[PDB]
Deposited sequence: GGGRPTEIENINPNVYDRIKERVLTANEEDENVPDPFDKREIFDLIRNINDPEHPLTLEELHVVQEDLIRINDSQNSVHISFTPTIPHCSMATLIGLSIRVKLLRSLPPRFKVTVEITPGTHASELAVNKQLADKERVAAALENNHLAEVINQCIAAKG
């Protein structure tokens, strides 16, 4: 990992493998109708989530969501990213690794928001908060 497999070598497990799946559209449909915490509109209507800002590889159990807060000082950015995390956690099989990040350059505190969203320990503690989980479920539920 990290540094790629030396180009001269092929993973033996991979060779045998080479010897229906989730796509960007399906992921977009799962999150496009999440509601904004403060406004009666969807993340799609607010340009917070977009299909082209989604990356996924089913075989490698990985999905990456870039989201764009409505303003560079948005105080709801972590809650929005967390609601995306919860939606994809429920809908996708548990093998999937979900990464949720602020679109580069679109939030004054993107590094600190990304770090929180990527900390599975702190996310797990947050989702044990009955109040927070209730607010998140409110946002997620489509109408």
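- Gaps in the model relative to the deposited sequence occur at 1, 21 to 34, 159, listed in sequence order.
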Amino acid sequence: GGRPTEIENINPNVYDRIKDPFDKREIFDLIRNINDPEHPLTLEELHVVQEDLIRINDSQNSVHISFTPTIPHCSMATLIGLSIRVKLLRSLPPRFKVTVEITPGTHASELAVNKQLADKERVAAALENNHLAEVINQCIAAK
From here on, numbers count along this sequence of modelled residues.
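- The stretch 23 to 31 shows the higher mean C-alpha B-factor when 23 to 31 is compared against 84 to 92 in the entry.
- For the pair 39 to 47 and 74 to 82, the record assigns the higher mean C-alpha temperature factor to 39 to 47.
- Sort the chain's modelled residues by C-alpha temperature factor and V123 lands in the lowest third, per the entry.
- Among the modelled residues of the chain, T103 sits in the lowest third by CA temperature factor in this PDB entry.
- In the PDB entry, a CA B factor belonging to the lowest third of its chain's modelled residues is recorded for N114.
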